[PDB]
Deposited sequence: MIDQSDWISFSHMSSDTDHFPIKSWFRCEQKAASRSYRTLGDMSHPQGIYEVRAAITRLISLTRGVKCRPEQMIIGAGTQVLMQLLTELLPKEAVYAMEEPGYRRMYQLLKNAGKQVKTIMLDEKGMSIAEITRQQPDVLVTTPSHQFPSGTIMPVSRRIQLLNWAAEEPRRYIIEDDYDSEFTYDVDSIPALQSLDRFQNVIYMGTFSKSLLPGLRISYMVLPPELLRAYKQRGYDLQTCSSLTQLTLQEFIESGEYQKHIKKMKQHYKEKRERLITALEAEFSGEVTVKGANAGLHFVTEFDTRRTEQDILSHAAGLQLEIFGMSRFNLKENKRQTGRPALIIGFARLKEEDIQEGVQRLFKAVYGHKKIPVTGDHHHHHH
């Protein structure tokens, strides 16, 4: 195929060390084959949880005991489980724009879900305070999709809000947090909390592969108590997959991989920005590009988003429109992911985009 991907929901496969991953799986398998049908703790194998605990304490400042952690095949199963540990009449609140899939999950569960618009610092604490929800879903590292990084002041506002009344919860979806360009790392919301009002949720899908689904969540001890009272849950990650993750982490292959990828995506992001800036000269507006694996581009042009995307599809440019992320007019806005984008396709990538916005490039 001659497709070029500006997709945010695909991941790199050319730079993921799949041979290392398989070697770790062989090493795990050799270490624990006798017990493979035995290590089935519903929360995840303890040592896997401890390995992830150590990792996210180092790289995110998350503080927690392995016993608080729950591993799962993907963020959806963990979220669904979460909605059953939280009070059943909890009013939820989601960033708009945001993760519509999760919006739909909460609606389908019959939950009330308020939509909290963004401002320059991320999820609006004014809309939060006005609408008085019980549970926040927020993406502080790199707002999904707008790309805004929640500054520390706004984190503190959200935590003060959770702290002012019993039984308010912040679900911190730290998706896309493994990378930070032209700015340093901000400690996680969970890390700043002087209390225990944050559920930390992380995923390995952006850093290993969507193909494999591994996610986890760190419960505040009281939601852990409700979880432990259930008595019937089964782990959804295969034991060998968990042990492979453990070996991949404790061998150092994981941290080696992230470091190399941090450099790769930084240079890719820079070059892709320069190329968008030369091709569009000033008629592109780029925002949300200080972290994560995508940013936003707004375009000064006359066609609809449904049209610009319909042309790009014809021109074999995989790209998505910002309208997809309304939970529910202006100039067209698109999501440029660059995780799957080959460096050698950057120049030809913007062209096709510079042509999907209308149909040409006369110069």
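Residues of the deposited sequence with no modelled C-alpha atom fall in the ranges 1-4, 333-337, 373-383.
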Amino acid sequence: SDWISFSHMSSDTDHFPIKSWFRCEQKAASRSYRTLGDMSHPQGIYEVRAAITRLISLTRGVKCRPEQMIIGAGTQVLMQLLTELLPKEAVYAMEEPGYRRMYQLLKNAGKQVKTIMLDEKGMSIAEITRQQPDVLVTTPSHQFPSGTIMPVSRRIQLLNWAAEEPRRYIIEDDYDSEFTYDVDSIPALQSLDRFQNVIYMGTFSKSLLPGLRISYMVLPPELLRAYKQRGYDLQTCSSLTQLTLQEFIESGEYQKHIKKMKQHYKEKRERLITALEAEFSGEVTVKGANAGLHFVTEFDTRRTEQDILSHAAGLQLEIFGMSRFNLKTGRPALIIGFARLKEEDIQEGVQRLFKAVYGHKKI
From here on, numbers count along this sequence of modelled residues.
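Looking at mean Cα B-factors across 278-286 and 165-173, the upper value is held by 278-286.
The stretch with the higher mean CA B factor, choosing between 108-116 and 179-187, is 179-187. Highest C-alpha temperature factor among 101, 154, 213, 230 per the entry: 213. Within the selection 257, 88, 142, 271, the deposited Cα B-factor values reach their highest point at 271.
In the deposited entry, the Cα temperature factor of residue 265 sits in the top third of values across the chain's modelled residues. Sort the modelled residues of the chain by CA B factor and residue 24 lands in the lowest third.
The entry lists a Cα temperature factor for residue 121 that places it in the middle third of the chain's modelled residues. In the PDB entry, a CA B factor belonging to the middle third of its chain's modelled residues is recorded for residue 297. Split the chain's modelled residues into thirds by C-alpha temperature factor. Residue 51 is in the lowest one.
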